[PDB]
Amino acid sequence: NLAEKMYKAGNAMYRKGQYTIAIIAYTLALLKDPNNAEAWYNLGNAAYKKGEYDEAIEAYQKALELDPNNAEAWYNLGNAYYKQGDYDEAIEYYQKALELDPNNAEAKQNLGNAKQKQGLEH
Amino acid sequence: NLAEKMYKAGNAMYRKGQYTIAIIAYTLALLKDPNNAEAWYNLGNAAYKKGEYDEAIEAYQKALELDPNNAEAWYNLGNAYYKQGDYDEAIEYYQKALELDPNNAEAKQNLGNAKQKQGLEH
Amino acid sequence: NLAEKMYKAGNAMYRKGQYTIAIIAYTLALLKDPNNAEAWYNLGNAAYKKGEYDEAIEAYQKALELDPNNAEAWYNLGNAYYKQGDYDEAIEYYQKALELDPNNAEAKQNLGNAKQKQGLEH
């Protein structure tokens, strides 16, 4: 399974902070198997780590269409909107992450902070 | 757009002097989108920087079929033939680069030099 | 030929000990040209060097289906089974490597050692 081999090569680069090479491997995995939710998820993580928030959002949305139970993907999707100043969207995704995993202290903190910044009062 | 993402990954490696990895990313971009003139152009640049002149020529020819207005691609195609000792061809491509961008001092110098070396007098 | 270009990029990474990147390039070469015995062989070598013996076995089997005269591939297939403790299989593949190249001293030594360990006496 060359698609799974590429997903694994991508994970090894991602763990080492080699995000561009991780993205190349994940893209190759996704060209052979577009229904790999784990590869969409980690492709989104690599883009997030590079500061490419819009690209992270698009990859997390694909991962979530395939695996809606991935609590960490909802949390990371929330963080990508939070980084863009889209607080209403971040709140909604943090709440979904917390419905799935109530033990995510980072999701709790970020949700608390996004609620302070959500209002037109800035 | 995974093809554009690969073109961008290729540019990031190319800028850092990681030519082999740039070539992998450009090849993946070109397998998904063969009509990407920018990716053919930069694939030719990466091959040129590795000293692979024949491969640079083939990539520049594809880029130029798609984007004949790329003055820098005509200039680089001229340099790849110049590196092979094919002065008649270099002259022809430098003249085309200069018809498009008369302000390329490097194309002017290289054209001047290729004209000195063109003759059978060596 | 982009498939041959990927095989060459893979060899350049493999020679430098950049096994994960070599695997990415070989996979791309094999997606475009699955009948490239040299690319299956070197993909098996890269997996072997990473300690991924089962993956090396699968790649060597593909290389050997296409090029049964590759004496070094029979020898490396023998080493991958030897690393898994599968001595009967290692012996069989070392004997085939030695029928093709009787001058492989490493195959001779490894065959001699696998024969000592083959028995139920451990």
# chains A, B, ... in the order shown; residues from 1 in each chain; ligands from 1
call {"tool": "residues_around", "arguments": {"residues": "residue 87 (chain C)", "least_positions_apart": "5", "cutoff": "7 Å", "atoms": "only C-alpha atoms", "output": "list in words"}}
result
residues 81, 82, 114, 117 and 118 of chain C
call {"tool": "select_by_dssp", "arguments": {"residues": "chain B", "states": "helix (DSSP H, G or I)", "output": "PDB file with C-alpha atoms, in the first residue's frame"}}
result
ATOM      1  CA  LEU B   2      -3.068  20.396  -4.577  1.00  0.00           C
ATOM      2  CA  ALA B   3      -1.223  21.099  -7.903  1.00  0.00           C
ATOM      3  CA  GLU B   4      -0.718  24.782  -6.930  1.00  0.00           C
ATOM      4  CA  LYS B   5       0.288  23.684  -3.373  1.00  0.00           C
ATOM      5  CA  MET B   6       3.030  21.455  -4.953  1.00  0.00           C
ATOM      6  CA  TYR B   7       4.217  24.336  -7.202  1.00  0.00           C
ATOM      7  CA  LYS B   8       4.519  26.519  -4.036  1.00  0.00           C
ATOM      8  CA  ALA B   9       6.321  23.724  -2.066  1.00  0.00           C
ATOM      9  CA  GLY B  10       8.723  23.474  -5.056  1.00  0.00           C
ATOM     10  CA  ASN B  11       9.402  27.247  -5.002  1.00  0.00           C
ATOM     11  CA  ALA B  12      10.159  27.160  -1.236  1.00  0.00           C
ATOM     12  CA  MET B  13      12.752  24.325  -1.796  1.00  0.00           C
ATOM     13  CA  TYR B  14      14.198  26.035  -4.910  1.00  0.00           C
ATOM     14  CA  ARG B  15      14.765  29.367  -2.977  1.00  0.00           C
ATOM     15  CA  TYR B  19      16.992  21.402  -5.972  1.00  0.00           C
ATOM     16  CA  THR B  20      16.249  17.639  -5.820  1.00  0.00           C
ATOM     17  CA  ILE B  21      13.305  18.144  -3.436  1.00  0.00           C
ATOM     18  CA  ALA B  22      12.158  21.147  -5.583  1.00  0.00           C
ATOM     19  CA  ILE B  23      12.159  18.762  -8.616  1.00  0.00           C
ATOM     20  CA  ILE B  24      10.040  16.179  -6.738  1.00  0.00           C
ATOM     21  CA  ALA B  25       7.398  18.826  -5.841  1.00  0.00           C
ATOM     22  CA  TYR B  26       7.365  20.348  -9.401  1.00  0.00           C
ATOM     23  CA  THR B  27       7.005  16.826 -10.940  1.00  0.00           C
ATOM     24  CA  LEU B  28       4.012  16.129  -8.672  1.00  0.00           C
ATOM     25  CA  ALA B  29       2.508  19.573  -9.614  1.00  0.00           C
ATOM     26  CA  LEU B  30       3.049  18.749 -13.356  1.00  0.00           C
ATOM     27  CA  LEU B  31       1.537  15.223 -13.069  1.00  0.00           C
ATOM     28  CA  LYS B  32      -1.720  16.864 -11.752  1.00  0.00           C
ATOM     29  CA  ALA B  37       4.022  27.102 -17.416  1.00  0.00           C
ATOM     30  CA  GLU B  38       5.426  28.488 -14.095  1.00  0.00           C
ATOM     31  CA  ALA B  39       6.088  24.924 -12.792  1.00  0.00           C
ATOM     32  CA  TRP B  40       7.828  23.889 -16.102  1.00  0.00           C
ATOM     33  CA  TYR B  41       9.910  27.119 -15.906  1.00  0.00           C
ATOM     34  CA  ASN B  42      11.072  26.530 -12.294  1.00  0.00           C
ATOM     35  CA  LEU B  43      11.609  22.818 -12.912  1.00  0.00           C
ATOM     36  CA  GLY B  44      13.992  23.966 -15.711  1.00  0.00           C
ATOM     37  CA  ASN B  45      15.667  26.408 -13.282  1.00  0.00           C
ATOM     38  CA  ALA B  46      16.232  23.638 -10.683  1.00  0.00           C
ATOM     39  CA  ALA B  47      17.714  21.304 -13.326  1.00  0.00           C
ATOM     40  CA  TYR B  48      19.904  24.205 -14.610  1.00  0.00           C
ATOM     41  CA  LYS B  49      21.234  24.861 -11.044  1.00  0.00           C
ATOM     42  CA  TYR B  53      21.449  21.316 -19.059  1.00  0.00           C
ATOM     43  CA  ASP B  54      19.641  18.919 -21.382  1.00  0.00           C
ATOM     44  CA  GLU B  55      16.830  18.473 -18.788  1.00  0.00           C
ATOM     45  CA  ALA B  56      16.662  22.289 -18.260  1.00  0.00           C
ATOM     46  CA  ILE B  57      16.288  22.759 -22.099  1.00  0.00           C
ATOM     47  CA  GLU B  58      13.358  20.255 -22.282  1.00  0.00           C
ATOM     48  CA  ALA B  59      11.542  21.922 -19.295  1.00  0.00           C
ATOM     49  CA  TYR B  60      12.152  25.512 -20.682  1.00  0.00           C
ATOM     50  CA  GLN B  61      10.738  24.424 -24.104  1.00  0.00           C
ATOM     51  CA  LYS B  62       7.486  23.231 -22.369  1.00  0.00           C
ATOM     52  CA  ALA B  63       7.253  26.514 -20.328  1.00  0.00           C
ATOM     53  CA  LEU B  64       7.821  28.594 -23.554  1.00  0.00           C
ATOM     54  CA  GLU B  65       5.144  26.621 -25.565  1.00  0.00           C
ATOM     55  CA  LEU B  66       2.653  27.698 -22.851  1.00  0.00           C
ATOM     56  CA  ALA B  71      11.577  36.836 -21.341  1.00  0.00           C
ATOM     57  CA  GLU B  72      13.566  35.264 -18.430  1.00  0.00           C
ATOM     58  CA  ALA B  73      12.737  31.700 -19.740  1.00  0.00           C
ATOM     59  CA  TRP B  74      14.166  32.620 -23.268  1.00  0.00           C
ATOM     60  CA  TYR B  75      17.299  34.018 -21.493  1.00  0.00           C
ATOM     61  CA  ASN B  76      17.662  30.825 -19.337  1.00  0.00           C
ATOM     62  CA  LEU B  77      17.062  28.592 -22.388  1.00  0.00           C
ATOM     63  CA  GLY B  78      19.869  30.575 -24.092  1.00  0.00           C
ATOM     64  CA  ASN B  79      22.165  29.967 -21.038  1.00  0.00           C
ATOM     65  CA  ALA B  80      21.466  26.191 -21.088  1.00  0.00           C
ATOM     66  CA  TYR B  81      22.539  25.940 -24.781  1.00  0.00           C
ATOM     67  CA  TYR B  82      25.513  28.287 -24.076  1.00  0.00           C
ATOM     68  CA  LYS B  83      26.626  25.852 -21.251  1.00  0.00           C
ATOM     69  CA  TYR B  87      26.396  29.157 -29.475  1.00  0.00           C
ATOM     70  CA  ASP B  88      24.125  29.525 -32.576  1.00  0.00           C
ATOM     71  CA  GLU B  89      21.137  28.358 -30.443  1.00  0.00           C
ATOM     72  CA  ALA B  90      22.153  30.537 -27.425  1.00  0.00           C
ATOM     73  CA  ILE B  91      22.378  33.667 -29.710  1.00  0.00           C
ATOM     74  CA  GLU B  92      18.878  33.017 -31.147  1.00  0.00           C
ATOM     75  CA  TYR B  93      17.288  32.632 -27.659  1.00  0.00           C
ATOM     76  CA  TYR B  94      19.184  35.643 -26.149  1.00  0.00           C
ATOM     77  CA  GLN B  95      17.937  37.795 -29.103  1.00  0.00           C
ATOM     78  CA  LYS B  96      14.339  36.693 -28.397  1.00  0.00           C
ATOM     79  CA  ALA B  97      14.804  37.466 -24.620  1.00  0.00           C
ATOM     80  CA  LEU B  98      16.159  40.931 -25.570  1.00  0.00           C
ATOM     81  CA  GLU B  99      13.252  41.656 -27.996  1.00  0.00           C
ATOM     82  CA  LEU B 100      10.947  41.080 -24.951  1.00  0.00           C
ATOM     83  CA  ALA B 105      22.249  43.295 -18.991  1.00  0.00           C
ATOM     84  CA  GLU B 106      23.148  39.590 -18.400  1.00  0.00           C
ATOM     85  CA  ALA B 107      21.425  38.572 -21.690  1.00  0.00           C
ATOM     86  CA  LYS B 108      23.395  41.416 -23.433  1.00  0.00           C
ATOM     87  CA  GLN B 109      26.751  40.263 -22.007  1.00  0.00           C
ATOM     88  CA  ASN B 110      26.071  36.563 -22.740  1.00  0.00           C
ATOM     89  CA  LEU B 111      24.899  37.338 -26.288  1.00  0.00           C
ATOM     90  CA  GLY B 112      28.063  39.407 -26.839  1.00  0.00           C
ATOM     91  CA  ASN B 113      30.200  36.544 -25.551  1.00  0.00           C
ATOM     92  CA  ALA B 114      28.326  33.770 -27.519  1.00  0.00           C
ATOM     93  CA  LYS B 115      28.859  35.849 -30.757  1.00  0.00           C
ATOM     94  CA  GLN B 116      32.677  35.827 -30.081  1.00  0.00           C
ATOM     95  CA  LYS B 117      32.655  31.999 -29.680  1.00  0.00           C
TER      96      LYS B 117
END
call {"tool": "decode", "arguments": {"residues": "region 47-69 of chain B", "atoms": "N, CA and C atoms", "output": "JSON list (two decimals), in the first residue's frame"}}
result
[["chain", "number", "residue", "atom", "x", "y", "z"],
["B", 47, "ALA", "N", 16.83, 22.17, -12.54],
["B", 47, "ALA", "CA", 17.71, 21.30, -13.33],
["B", 47, "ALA", "C", 18.96, 22.09, -13.76],
["B", 48, "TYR", "N", 18.79, 23.35, -14.19],
["B", 48, "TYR", "CA", 19.90, 24.21, -14.61],
["B", 48, "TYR", "C", 20.91, 24.35, -13.47],
["B", 49, "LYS", "N", 20.42, 24.68, -12.24],
["B", 49, "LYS", "CA", 21.23, 24.86, -11.04],
["B", 49, "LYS", "C", 22.01, 23.60, -10.62],
["B", 50, "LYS", "N", 21.50, 22.40, -10.99],
["B", 50, "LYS", "CA", 22.14, 21.10, -10.76],
["B", 50, "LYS", "C", 23.15, 20.77, -11.88],
["B", 51, "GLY", "N", 23.24, 21.61, -12.91],
["B", 51, "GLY", "CA", 24.12, 21.34, -14.04],
["B", 51, "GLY", "C", 23.54, 20.36, -15.04],
["B", 52, "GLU", "N", 22.21, 20.09, -14.97],
["B", 52, "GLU", "CA", 21.51, 19.16, -15.88],
["B", 52, "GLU", "C", 20.92, 19.98, -17.04],
["B", 53, "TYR", "N", 21.80, 20.40, -17.96],
["B", 53, "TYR", "CA", 21.45, 21.32, -19.06],
["B", 53, "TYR", "C", 20.46, 20.81, -20.06],
["B", 54, "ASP", "N", 20.57, 19.54, -20.44],
["B", 54, "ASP", "CA", 19.64, 18.92, -21.38],
["B", 54, "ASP", "C", 18.24, 18.85, -20.80],
["B", 55, "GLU", "N", 18.11, 18.50, -19.51],
["B", 55, "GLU", "CA", 16.83, 18.47, -18.79],
["B", 55, "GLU", "C", 16.25, 19.87, -18.63],
["B", 56, "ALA", "N", 17.11, 20.89, -18.38],
["B", 56, "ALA", "CA", 16.66, 22.29, -18.26],
["B", 56, "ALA", "C", 16.06, 22.75, -19.59],
["B", 57, "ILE", "N", 16.74, 22.42, -20.73],
["B", 57, "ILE", "CA", 16.29, 22.76, -22.10],
["B", 57, "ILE", "C", 14.88, 22.22, -22.37],
["B", 58, "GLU", "N", 14.66, 20.91, -22.11],
["B", 58, "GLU", "CA", 13.36, 20.25, -22.28],
["B", 58, "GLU", "C", 12.24, 20.92, -21.43],
["B", 59, "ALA", "N", 12.53, 21.25, -20.15],
["B", 59, "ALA", "CA", 11.54, 21.92, -19.29],
["B", 59, "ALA", "C", 11.28, 23.36, -19.80],
["B", 60, "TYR", "N", 12.34, 24.14, -20.17],
["B", 60, "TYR", "CA", 12.15, 25.51, -20.68],
["B", 60, "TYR", "C", 11.32, 25.55, -21.97],
["B", 61, "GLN", "N", 11.50, 24.55, -22.86],
["B", 61, "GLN", "CA", 10.74, 24.42, -24.10],
["B", 61, "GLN", "C", 9.24, 24.25, -23.80],
["B", 62, "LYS", "N", 8.89, 23.42, -22.78],
["B", 62, "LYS", "CA", 7.49, 23.23, -22.37],
["B", 62, "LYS", "C", 6.92, 24.56, -21.81],
["B", 63, "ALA", "N", 7.65, 25.22, -20.91],
["B", 63, "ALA", "CA", 7.25, 26.51, -20.33],
["B", 63, "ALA", "C", 6.99, 27.56, -21.43],
["B", 64, "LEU", "N", 7.91, 27.66, -22.42],
["B", 64, "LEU", "CA", 7.82, 28.59, -23.55],
["B", 64, "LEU", "C", 6.69, 28.31, -24.54],
["B", 65, "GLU", "N", 6.29, 27.02, -24.71],
["B", 65, "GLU", "CA", 5.14, 26.62, -25.57],
["B", 65, "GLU", "C", 3.87, 27.19, -24.94],
["B", 66, "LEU", "N", 3.80, 27.22, -23.61],
["B", 66, "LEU", "CA", 2.65, 27.70, -22.85],
["B", 66, "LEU", "C", 2.67, 29.21, -22.60],
["B", 67, "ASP", "N", 3.85, 29.78, -22.34],
["B", 67, "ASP", "CA", 4.03, 31.21, -22.06],
["B", 67, "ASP", "C", 5.19, 31.79, -22.90],
["B", 68, "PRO", "N", 4.94, 32.10, -24.20],
["B", 68, "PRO", "CA", 6.03, 32.65, -25.05],
["B", 68, "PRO", "C", 6.52, 34.06, -24.66],
["B", 69, "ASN", "N", 5.82, 34.74, -23.75],
["B", 69, "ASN", "CA", 6.16, 36.08, -23.28],
["B", 69, "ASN", "C", 7.10, 36.09, -22.08]]
